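Have a look at the structure below before the remarks.
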Amino acid sequence: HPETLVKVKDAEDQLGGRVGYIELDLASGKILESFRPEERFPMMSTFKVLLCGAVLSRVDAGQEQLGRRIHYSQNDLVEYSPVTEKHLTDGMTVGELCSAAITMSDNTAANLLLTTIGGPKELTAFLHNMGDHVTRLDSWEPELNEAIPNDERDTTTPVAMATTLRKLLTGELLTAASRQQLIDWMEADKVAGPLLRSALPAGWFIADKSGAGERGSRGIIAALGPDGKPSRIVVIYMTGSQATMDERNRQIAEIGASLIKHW
Ligand SMILES: [Ca+2]
């Protein structure tokens, strides 16, 4: 029931740490509402979307194919690889790898895709090449997750992430088929149910990616809107508190209810 900015500031009051929030109009790119928009937060697994953006960029350029099959071994597996650990004999295609990285937050799938483009510093270069000189990836999985403060490593700001997400989803940086593929993976997200999804009314569209980390970190990037079609981008990050997972999740779901009731 409180207005969205009030609820965001309330969430920070209750949790400690910092909460960062932006709501952007997808068609116009106008900032509709913000809180700590230019401050840095850890990205956590929300970078997996930007990673698959870079893959699809290579596909549109003729340097990659989504059906290319990648084989790997048990020695490649890292913590939290629920899809990739099931495909040791058959491997996965590049397209399956993006689906696993986005929809299940598979860490081996992300690492494998980062190998295809030459590592974290190459993802950062792709972002620079599209006009985002703020967001940076420095680490491989699973060692994003870990003790965060700060540095600037593996961080973005709400306005940078949102702007960069809008460029990927609606710009002419990717072909129409690649833009639709990226949004299809986000729509099929399986691991974000307690977050914005828990507040969404019947018949709304949502395409999202969540993140979680140490030092009270949690976040979500999402494109959503009524009647089957996305119309706004919403970015929420939090970090720096001693809050439990259940506490973090609840605050994001309450921010979500506010945003919906005041649409
Ligand atoms: Ca405050």
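Residues are named by chain letter and number: chains run A, B, ... in the order of the structure tokens, numbers start at 1 in each chain, and ligands are numbered from 1 in the order shown.
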
Within 9 Å of ligand 1, counting only C-alpha atoms and all ligand atoms: which residues, as a PyMOL selection string? chain A and resi 9-10+12-13+16-19

Please write the residues from the selection above to a file, keeping N, CA and C atoms, as a short mmCIF file (atom, residue, chain, number, x, y, z; two decimals), in the first residue's frame.
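Saved as out-v4.cif:
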data_model
loop_
_atom_site.label_atom_id
_atom_site.label_comp_id
_atom_site.auth_asym_id
_atom_site.auth_seq_id
_atom_site.Cartn_x
_atom_site.Cartn_y
_atom_site.Cartn_z
N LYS A 9 12.56 3.06 0.53
CA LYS A 9 13.32 3.65 1.60
C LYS A 9 13.02 2.90 2.91
N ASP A 10 11.78 2.41 3.10
CA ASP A 10 11.40 1.60 4.26
C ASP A 10 12.18 0.28 4.33
N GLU A 12 15.15 -0.21 3.14
CA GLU A 12 16.55 0.08 3.60
C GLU A 12 16.61 0.32 5.03
N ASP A 13 15.61 1.06 5.54
CA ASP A 13 15.44 1.26 6.99
C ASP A 13 15.34 -0.04 7.78
N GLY A 16 19.03 -2.26 6.86
CA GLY A 16 20.37 -1.74 6.90
C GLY A 16 21.02 -1.98 5.52
N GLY A 17 22.26 -1.57 5.36
CA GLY A 17 22.89 -1.67 4.04
C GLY A 17 22.25 -0.57 3.13
N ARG A 18 22.26 -0.84 1.85
CA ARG A 18 21.79 0.08 0.82
C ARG A 18 20.84 -0.68 -0.06
N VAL A 19 19.77 0.00 -0.52
CA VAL A 19 18.87 -0.54 -1.53
C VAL A 19 18.87 0.44 -2.73
#

Name the residues in contact with range 151-159 of chain A at a cut-off of 7 Å, using only C-alpha atoms, excluding same-chain residues fewer than 6 positions from it; report them as number ranges by chain. A: 20-22, 37-43, 134-139, 144, 235

Output C-alpha atoms for every residue in the selection just made, as a PDB file, in the first residue's frame.
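Output file out.pdb follows:
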ATOM      1  CA  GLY A  20      19.069   0.710  -5.173  1.00  0.00           C
ATOM      2  CA  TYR A  21      16.061   0.984  -7.437  1.00  0.00           C
ATOM      3  CA  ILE A  22      15.128   2.198 -10.904  1.00  0.00           C
ATOM      4  CA  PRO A  37      20.501   5.340  -9.111  1.00  0.00           C
ATOM      5  CA  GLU A  38      24.262   6.106  -9.632  1.00  0.00           C
ATOM      6  CA  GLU A  39      25.684   4.168  -6.730  1.00  0.00           C
ATOM      7  CA  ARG A  40      27.437   0.857  -7.154  1.00  0.00           C
ATOM      8  CA  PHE A  41      26.090  -2.507  -6.144  1.00  0.00           C
ATOM      9  CA  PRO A  42      27.379  -6.059  -6.733  1.00  0.00           C
ATOM     10  CA  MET A  43      25.731  -7.694  -9.773  1.00  0.00           C
ATOM     11  CA  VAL A 134      30.233   1.657 -15.692  1.00  0.00           C
ATOM     12  CA  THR A 135      29.370  -2.008 -15.409  1.00  0.00           C
ATOM     13  CA  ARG A 136      32.328  -4.358 -14.958  1.00  0.00           C
ATOM     14  CA  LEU A 137      32.910  -8.122 -14.636  1.00  0.00           C
ATOM     15  CA  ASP A 138      36.207  -9.202 -13.208  1.00  0.00           C
ATOM     16  CA  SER A 139      35.580 -12.614 -11.729  1.00  0.00           C
ATOM     17  CA  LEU A 144      31.407 -13.475  -7.592  1.00  0.00           C
ATOM     18  CA  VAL A 235      16.173  -2.992 -11.371  1.00  0.00           C
TER      19      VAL A 235
END

Skipping near chain neighbours, those fewer than 5 positions away, what residues fall within 12 Å of range 123-131 of chain A using only C-alpha atoms, listed as a PyMOL selection string? chain A and resi 47-58+110-111+113-118+136-140+153-156+160-161+163-168+171-174

Exercise: range 190-204 of chain A partners within 6 Å, only C-alpha atoms, chain neighbours under 4 positions left out, as a CSV table (one decimal) with C-alpha atoms, in the first residue's frame:
chain,number,residue,atom,x,y,z
A,103,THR,CA,16.8,-19.9,-16.1
A,104,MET,CA,18.7,-21.9,-13.3
A,210,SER,CA,17.8,-12.7,-9.9
A,225,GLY,CA,3.9,-5.2,-17.9
A,226,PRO,CA,0.2,-5.9,-18.1
A,227,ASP,CA,-1.6,-7.9,-20.8
A,228,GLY,CA,1.2,-10.1,-22.0
A,249,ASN,CA,13.2,-11.8,-0.4
A,252,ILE,CA,11.7,-7.3,-2.8
A,253,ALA,CA,8.2,-8.9,-3.0
A,256,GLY,CA,7.0,-5.4,-6.2
A,257,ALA,CA,3.4,-5.2,-4.7

Nearest to residue 170 in chain A, restricted to only C-alpha atoms and choosing among A:147, A:31, A:259, A:232, comes out as A:232

Identify, on the basis of only C-alpha atoms, every residue whose closest approach to range 72-76 of chain A does not exceed 10 Å; exclude the query and any residue fewer than 6 positions from it along the same chain; express the result as a PyMOL selection string. chain A and resi 84-85+87-92+108-109+111-112

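Among the candidate residues A:14, A:217, A:251, A:175, the one lying nearest to residue 150 in chain A is A:217, with distances computed using only C-alpha atoms.
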
Point-to-point distance from CA of residue 231 in chain A to CA of residue 3 in chain A, Å rounded to tenths: 19.4 Å

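Of the residues in range 144-213 of chain A, those given strand (DSSP E or B) by DSSP on the backbone are residues 155, 156, 205, 206, 207, 208, 209, 210, 211, 212 and 213 of chain A.
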
Using the chain letters and numbers from this document, which residues of range 50-260 of chain A does DSSP assign to helix (DSSP H, G or I), as a VMD selection string? chain A and resid 50 to 60 74 to 76 84 to 86 94 to 103 107 to 117 120 to 129 158 to 170 176 to 187 196 to 199 245 to 260

Looking at A:229, A:215, A:248, A:261, which one is nearest to residue 183 in chain A, with distances taken over only C-alpha atoms? A:229

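Computed from the coordinates, the CA of residue 188 in chain A to CA of residue 46 in chain A distance equals 14.7 Å.
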